[PDB]
file query-v6.pdb (PDB, N, CA and C atoms)
ATOM      1  N   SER A   1       0.840  -1.227   0.000  1.00  0.00           N
ATOM      2  CA  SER A   1       0.000   0.000   0.000  1.00  0.00           C
ATOM      3  C   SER A   1       0.861   1.258   0.000  1.00  0.00           C
ATOM      4  N   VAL A   2       2.004   1.188  -0.674  1.00  0.00           N
ATOM      5  CA  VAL A   2       2.918   2.322  -0.749  1.00  0.00           C
ATOM      6  C   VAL A   2       2.554   3.244  -1.910  1.00  0.00           C
ATOM      7  N   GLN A   3       1.718   4.237  -1.628  1.00  0.00           N
ATOM      8  CA  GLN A   3       1.293   5.189  -2.647  1.00  0.00           C
ATOM      9  C   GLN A   3       0.713   6.448  -2.010  1.00  0.00           C
ATOM     10  N   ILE A   4       0.513   7.479  -2.822  1.00  0.00           N
ATOM     11  CA  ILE A   4      -0.035   8.740  -2.337  1.00  0.00           C
ATOM     12  C   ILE A   4      -1.540   8.632  -2.106  1.00  0.00           C
ATOM     13  N   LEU A   5      -2.202   7.819  -2.923  1.00  0.00           N
ATOM     14  CA  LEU A   5      -3.642   7.626  -2.809  1.00  0.00           C
ATOM     15  C   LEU A   5      -3.979   6.751  -1.609  1.00  0.00           C
ATOM     16  N   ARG A   6      -3.775   5.446  -1.761  1.00  0.00           N
ATOM     17  CA  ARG A   6      -4.055   4.495  -0.692  1.00  0.00           C
ATOM     18  C   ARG A   6      -5.536   4.509  -0.322  1.00  0.00           C
ATOM     19  N   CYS A   7      -6.184   3.356  -0.456  1.00  0.00           N
ATOM     20  CA  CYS A   7      -7.602   3.235  -0.136  1.00  0.00           C
ATOM     21  C   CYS A   7      -7.848   2.066   0.818  1.00  0.00           C
ATOM     22  N   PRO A   8      -7.448   2.214   2.093  1.00  0.00           N
ATOM     23  CA  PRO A   8      -7.627   1.165   3.103  1.00  0.00           C
ATOM     24  C   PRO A   8      -9.086   0.740   3.243  1.00  0.00           C
ATOM     25  N   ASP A   9      -9.391   0.040   4.331  1.00  0.00           N
ATOM     26  CA  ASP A   9     -10.749  -0.427   4.586  1.00  0.00           C
ATOM     27  C   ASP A   9     -11.730   0.740   4.616  1.00  0.00           C
ATOM     28  N   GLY A  10     -12.754   0.666   3.771  1.00  0.00           N
ATOM     29  CA  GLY A  10     -13.748   1.722   3.713  1.00  0.00           C
ATOM     30  C   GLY A  10     -13.815   2.379   2.349  1.00  0.00           C
ATOM     31  N   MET A  11     -12.693   2.372   1.636  1.00  0.00           N
ATOM     32  CA  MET A  11     -12.629   2.970   0.308  1.00  0.00           C
ATOM     33  C   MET A  11     -12.697   1.899  -0.774  1.00  0.00           C
ATOM     34  N   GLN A  12     -13.835   1.825  -1.457  1.00  0.00           N
ATOM     35  CA  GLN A  12     -14.029   0.844  -2.518  1.00  0.00           C
ATOM     36  C   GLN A  12     -13.566   1.396  -3.862  1.00  0.00           C
ATOM     37  N   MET A  13     -12.661   0.674  -4.514  1.00  0.00           N
ATOM     38  CA  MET A  13     -12.138   1.091  -5.809  1.00  0.00           C
ATOM     39  C   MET A  13     -13.030   0.593  -6.943  1.00  0.00           C
ATOM     40  N   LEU A  14     -13.177   1.413  -7.978  1.00  0.00           N
ATOM     41  CA  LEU A  14     -14.001   1.055  -9.125  1.00  0.00           C
ATOM     42  C   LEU A  14     -13.137   0.601 -10.298  1.00  0.00           C
ATOM     43  N   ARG A  15     -13.766  -0.041 -11.275  1.00  0.00           N
ATOM     44  CA  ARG A  15     -13.054  -0.528 -12.452  1.00  0.00           C
ATOM     45  C   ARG A  15     -12.379   0.624 -13.194  1.00  0.00           C
ATOM     46  N   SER A  16     -12.994   1.800 -13.131  1.00  0.00           N
ATOM     47  CA  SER A  16     -12.454   2.980 -13.796  1.00  0.00           C
ATOM     48  C   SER A  16     -11.190   3.469 -13.097  1.00  0.00           C
ATOM     49  N   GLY A  17     -11.150   3.309 -11.778  1.00  0.00           N
ATOM     50  CA  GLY A  17      -9.996   3.739 -11.013  1.00  0.00           C
ATOM     51  C   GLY A  17     -10.375   4.600  -9.824  1.00  0.00           C
ATOM     52  N   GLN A  18     -11.493   5.309  -9.943  1.00  0.00           N
ATOM     53  CA  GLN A  18     -11.964   6.177  -8.868  1.00  0.00           C
ATOM     54  C   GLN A  18     -12.227   5.376  -7.597  1.00  0.00           C
ATOM     55  N   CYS A  19     -12.015   6.009  -6.450  1.00  0.00           N
ATOM     56  CA  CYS A  19     -12.229   5.356  -5.164  1.00  0.00           C
ATOM     57  C   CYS A  19     -13.451   5.934  -4.458  1.00  0.00           C
ATOM     58  N   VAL A  20     -14.492   5.118  -4.325  1.00  0.00           N
ATOM     59  CA  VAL A  20     -15.720   5.548  -3.668  1.00  0.00           C
ATOM     60  C   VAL A  20     -15.692   5.220  -2.180  1.00  0.00           C
ATOM     61  N   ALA A  21     -15.407   6.225  -1.361  1.00  0.00           N
ATOM     62  CA  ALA A  21     -15.351   6.042   0.085  1.00  0.00           C
ATOM     63  C   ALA A  21     -16.744   5.836   0.667  1.00  0.00           C
ATOM     64  N   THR A  22     -16.816   5.107   1.775  1.00  0.00           N
ATOM     65  CA  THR A  22     -18.090   4.836   2.432  1.00  0.00           C
ATOM     66  C   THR A  22     -18.710   6.122   2.969  1.00  0.00           C
ATOM     67  N   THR A  23     -19.340   6.885   2.082  1.00  0.00           N
ATOM     68  CA  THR A  23     -19.974   8.141   2.467  1.00  0.00           C
ATOM     69  C   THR A  23     -21.401   8.215   1.937  1.00  0.00           C
ATOM     70  N   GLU A  24     -22.053   7.062   1.841  1.00  0.00           N
ATOM     71  CA  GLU A  24     -23.424   6.997   1.347  1.00  0.00           C
ATOM     72  C   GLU A  24     -24.411   7.434   2.427  1.00  0.00           C
ATOM     73  N   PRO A  25     -25.529   8.065   2.026  1.00  0.00           N
ATOM     74  CA  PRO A  25     -26.552   8.535   2.965  1.00  0.00           C
ATOM     75  C   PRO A  25     -27.379   7.389   3.543  1.00  0.00           C
ATOM     76  N   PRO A  26     -27.209   7.088   4.845  1.00  0.00           N
ATOM     77  CA  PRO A  26     -27.950   6.011   5.506  1.00  0.00           C
ATOM     78  C   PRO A  26     -29.417   6.365   5.720  1.00  0.00           C
ATOM     79  N   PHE A  27     -30.148   5.470   6.377  1.00  0.00           N
ATOM     80  CA  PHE A  27     -31.561   5.688   6.647  1.00  0.00           C
ATOM     81  C   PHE A  27     -31.768   6.935   7.502  1.00  0.00           C
ATOM     82  N   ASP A  28     -32.490   7.908   6.958  1.00  0.00           N
ATOM     83  CA  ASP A  28     -32.761   9.154   7.665  1.00  0.00           C
ATOM     84  C   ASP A  28     -33.430   8.884   9.013  1.00  0.00           C
ATOM     85  N   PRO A  29     -32.701   9.093  10.127  1.00  0.00           N
ATOM     86  CA  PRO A  29     -33.238   8.870  11.473  1.00  0.00           C
ATOM     87  C   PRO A  29     -34.570   9.581  11.691  1.00  0.00           C
ATOM     88  N   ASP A  30     -35.105   9.468  12.903  1.00  0.00           N
ATOM     89  CA  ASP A  30     -36.374  10.099  13.239  1.00  0.00           C
ATOM     90  C   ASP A  30     -36.374  10.590  14.682  1.00  0.00           C
ATOM     91  N   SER A  31     -35.199  10.974  15.172  1.00  0.00           N
ATOM     92  CA  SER A  31     -35.058  11.463  16.540  1.00  0.00           C
ATOM     93  C   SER A  31     -35.433  10.382  17.550  1.00  0.00           C
ATOM     94  N   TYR A  32     -36.730  10.220  17.782  1.00  0.00           N
ATOM     95  CA  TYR A  32     -37.220   9.222  18.723  1.00  0.00           C
ATOM     96  C   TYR A  32     -37.644   7.950  17.997  1.00  0.00           C
TER      97      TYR A  32
END
call {"tool": "encode", "arguments": {"input": "query-v6.pdb", "output": "structure tokens"}}
result
Amino acid sequence: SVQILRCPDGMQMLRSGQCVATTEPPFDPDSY
């Protein structure tokens, strides 16, 4: 993993090359 980018656990790499980090919008809570 010797590089400037580096995509450890959580960063999913795509076939194109871009790295999609786990930043997807989860289920909108409801306070209570």
call {"tool": "select_by_dssp", "arguments": {"input": "query-v6.pdb", "residues": "chain A", "states": "strand (DSSP E or B)", "output": "list in words"}}
result
residues 11, 12, 13, 19, 20 and 21 of chain A
call {"tool": "axis_aligned_box", "arguments": {"input": "query-v6.pdb", "around": "stretch 12-29 of chain A", "padding_each_side": "8 Å", "output": "lines of an AutoDock Vina configuration file"}}
result
center_x = -22.3
center_y = 4.5
center_z = -1.1
size_x = 40.6
size_y = 26.1
size_z = 41.5
call {"tool": "atom_distance", "arguments": {"input": "query-v6.pdb", "atom1": "atom CA of residue A:8", "atom2": "atom CA of residue A:23"}}
result
14.2 Å
call {"tool": "atom_distance", "arguments": {"input": "query-v6.pdb", "atom1": "atom CA of residue A:5", "atom2": "atom CA of residue A:26"}}
result
25.7 Å
call {"tool": "residues_around", "arguments": {"input": "query-v6.pdb", "residues": "residue A:6", "least_positions_apart": "3", "cutoff": "12 Å", "atoms": "only C-alpha atoms", "output": "list in words"}}
result
residues 1, 2, 3, 9, 10, 11, 12, 13, 17, 18, 19 and 21 of chain A
call {"tool": "write_last_selection", "arguments": {"input": "query-v6.pdb", "atoms": "N, CA and C atoms", "output": "mmCIF file, in the coordinates of the input"}}
result
data_model
loop_
_atom_site.group_PDB
_atom_site.id
_atom_site.type_symbol
_atom_site.label_atom_id
_atom_site.label_comp_id
_atom_site.auth_asym_id
_atom_site.auth_seq_id
_atom_site.Cartn_x
_atom_site.Cartn_y
_atom_site.Cartn_z
ATOM 1 N N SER A 1 0.840 -1.227 0.000
ATOM 2 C CA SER A 1 0.000 0.000 0.000
ATOM 3 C C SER A 1 0.861 1.258 0.000
ATOM 4 N N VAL A 2 2.004 1.188 -0.674
ATOM 5 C CA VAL A 2 2.918 2.322 -0.749
ATOM 6 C C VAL A 2 2.554 3.244 -1.910
ATOM 7 N N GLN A 3 1.718 4.237 -1.628
ATOM 8 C CA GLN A 3 1.293 5.189 -2.647
ATOM 9 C C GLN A 3 0.713 6.448 -2.010
ATOM 10 N N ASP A 9 -9.391 0.040 4.331
ATOM 11 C CA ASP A 9 -10.749 -0.427 4.586
ATOM 12 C C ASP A 9 -11.730 0.740 4.616
ATOM 13 N N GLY A 10 -12.754 0.666 3.771
ATOM 14 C CA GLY A 10 -13.748 1.722 3.713
ATOM 15 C C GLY A 10 -13.815 2.379 2.349
ATOM 16 N N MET A 11 -12.693 2.372 1.636
ATOM 17 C CA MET A 11 -12.629 2.970 0.308
ATOM 18 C C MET A 11 -12.697 1.899 -0.774
ATOM 19 N N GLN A 12 -13.835 1.825 -1.457
ATOM 20 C CA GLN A 12 -14.029 0.844 -2.518
ATOM 21 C C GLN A 12 -13.566 1.396 -3.862
ATOM 22 N N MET A 13 -12.661 0.674 -4.514
ATOM 23 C CA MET A 13 -12.138 1.091 -5.809
ATOM 24 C C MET A 13 -13.030 0.593 -6.943
ATOM 25 N N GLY A 17 -11.150 3.309 -11.778
ATOM 26 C CA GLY A 17 -9.996 3.739 -11.013
ATOM 27 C C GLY A 17 -10.375 4.600 -9.824
ATOM 28 N N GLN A 18 -11.493 5.309 -9.943
ATOM 29 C CA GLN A 18 -11.964 6.177 -8.868
ATOM 30 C C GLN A 18 -12.227 5.376 -7.597
ATOM 31 N N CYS A 19 -12.015 6.009 -6.450
ATOM 32 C CA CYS A 19 -12.229 5.356 -5.164
ATOM 33 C C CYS A 19 -13.451 5.934 -4.458
ATOM 34 N N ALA A 21 -15.407 6.225 -1.361
ATOM 35 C CA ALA A 21 -15.351 6.042 0.085
ATOM 36 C C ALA A 21 -16.744 5.836 0.667
#
call {"tool": "decode", "arguments": {"input": "query-v6.pdb", "residues": "stretch 1-26 of chain A", "atoms": "N, CA, C and O atoms", "output": "CSV table (one decimal), in the first residue's frame"}}
result
chain,number,residue,atom,x,y,z
A,1,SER,N,0.8,-1.2,0.0
A,1,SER,CA,0.0,0.0,0.0
A,1,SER,C,0.9,1.3,0.0
A,1,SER,O,0.5,2.3,0.6
A,2,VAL,N,2.0,1.2,-0.7
A,2,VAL,CA,2.9,2.3,-0.7
A,2,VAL,C,2.6,3.2,-1.9
A,2,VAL,O,3.0,3.1,-3.0
A,3,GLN,N,1.7,4.2,-1.6
A,3,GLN,CA,1.3,5.2,-2.6
A,3,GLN,C,0.7,6.4,-2.0
A,3,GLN,O,0.5,6.5,-0.8
A,4,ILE,N,0.5,7.5,-2.8
A,4,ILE,CA,0.0,8.7,-2.3
A,4,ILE,C,-1.5,8.6,-2.1
A,4,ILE,O,-2.1,9.3,-1.2
A,5,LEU,N,-2.2,7.8,-2.9
A,5,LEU,CA,-3.6,7.6,-2.8
A,5,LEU,C,-4.0,6.8,-1.6
A,5,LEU,O,-4.4,7.2,-0.6
A,6,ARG,N,-3.8,5.4,-1.8
A,6,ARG,CA,-4.1,4.5,-0.7
A,6,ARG,C,-5.5,4.5,-0.3
A,6,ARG,O,-6.1,5.5,0.1
A,7,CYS,N,-6.2,3.4,-0.5
A,7,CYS,CA,-7.6,3.2,-0.1
A,7,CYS,C,-7.8,2.1,0.8
A,7,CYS,O,-8.4,1.0,0.4
A,8,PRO,N,-7.4,2.2,2.1
A,8,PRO,CA,-7.6,1.2,3.1
A,8,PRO,C,-9.1,0.7,3.2
A,8,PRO,O,-9.9,1.0,2.4
A,9,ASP,N,-9.4,0.0,4.3
A,9,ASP,CA,-10.7,-0.4,4.6
A,9,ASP,C,-11.7,0.7,4.6
A,9,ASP,O,-11.6,1.7,5.4
A,10,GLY,N,-12.8,0.7,3.8
A,10,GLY,CA,-13.7,1.7,3.7
A,10,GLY,C,-13.8,2.4,2.3
A,10,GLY,O,-14.9,2.9,1.9
A,11,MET,N,-12.7,2.4,1.6
A,11,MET,CA,-12.6,3.0,0.3
A,11,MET,C,-12.7,1.9,-0.8
A,11,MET,O,-11.7,1.2,-1.0
A,12,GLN,N,-13.8,1.8,-1.5
A,12,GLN,CA,-14.0,0.8,-2.5
A,12,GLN,C,-13.6,1.4,-3.9
A,12,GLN,O,-14.0,2.5,-4.3
A,13,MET,N,-12.7,0.7,-4.5
A,13,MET,CA,-12.1,1.1,-5.8
A,13,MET,C,-13.0,0.6,-6.9
A,13,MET,O,-13.6,-0.5,-6.9
A,14,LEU,N,-13.2,1.4,-8.0
A,14,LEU,CA,-14.0,1.1,-9.1
A,14,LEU,C,-13.1,0.6,-10.3
A,14,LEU,O,-11.9,0.8,-10.3
A,15,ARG,N,-13.8,0.0,-11.3
A,15,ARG,CA,-13.1,-0.5,-12.5
A,15,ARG,C,-12.4,0.6,-13.2
A,15,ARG,O,-11.3,0.4,-13.8
A,16,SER,N,-13.0,1.8,-13.1
A,16,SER,CA,-12.5,3.0,-13.8
A,16,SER,C,-11.2,3.5,-13.1
A,16,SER,O,-10.3,4.0,-13.7
A,17,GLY,N,-11.2,3.3,-11.8
A,17,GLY,CA,-10.0,3.7,-11.0
A,17,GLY,C,-10.4,4.6,-9.8
A,17,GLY,O,-9.7,4.6,-8.8
A,18,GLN,N,-11.5,5.3,-9.9
A,18,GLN,CA,-12.0,6.2,-8.9
A,18,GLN,C,-12.2,5.4,-7.6
A,18,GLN,O,-12.6,4.2,-7.7
A,19,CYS,N,-12.0,6.0,-6.5
A,19,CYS,CA,-12.2,5.4,-5.2
A,19,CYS,C,-13.5,5.9,-4.5
A,19,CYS,O,-13.4,7.1,-4.0
A,20,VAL,N,-14.5,5.1,-4.3
A,20,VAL,CA,-15.7,5.5,-3.7
A,20,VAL,C,-15.7,5.2,-2.2
A,20,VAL,O,-15.9,4.1,-1.8
A,21,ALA,N,-15.4,6.2,-1.4
A,21,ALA,CA,-15.4,6.0,0.1
A,21,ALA,C,-16.7,5.8,0.7
A,21,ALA,O,-17.7,6.3,0.1
A,22,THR,N,-16.8,5.1,1.8
A,22,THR,CA,-18.1,4.8,2.4
A,22,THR,C,-18.7,6.1,3.0
A,22,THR,O,-18.6,6.4,4.2
A,23,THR,N,-19.3,6.9,2.1
A,23,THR,CA,-20.0,8.1,2.5
A,23,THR,C,-21.4,8.2,1.9
A,23,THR,O,-21.9,9.3,1.6
A,24,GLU,N,-22.1,7.1,1.8
A,24,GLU,CA,-23.4,7.0,1.3
A,24,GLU,C,-24.4,7.4,2.4
A,24,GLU,O,-24.2,7.2,3.6
A,25,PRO,N,-25.5,8.1,2.0
A,25,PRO,CA,-26.6,8.5,3.0
A,25,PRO,C,-27.4,7.4,3.5
A,25,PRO,O,-28.2,6.8,2.8
A,26,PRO,N,-27.2,7.1,4.8
A,26,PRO,CA,-27.9,6.0,5.5
A,26,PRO,C,-29.4,6.4,5.7
A,26,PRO,O,-29.9,7.4,5.3
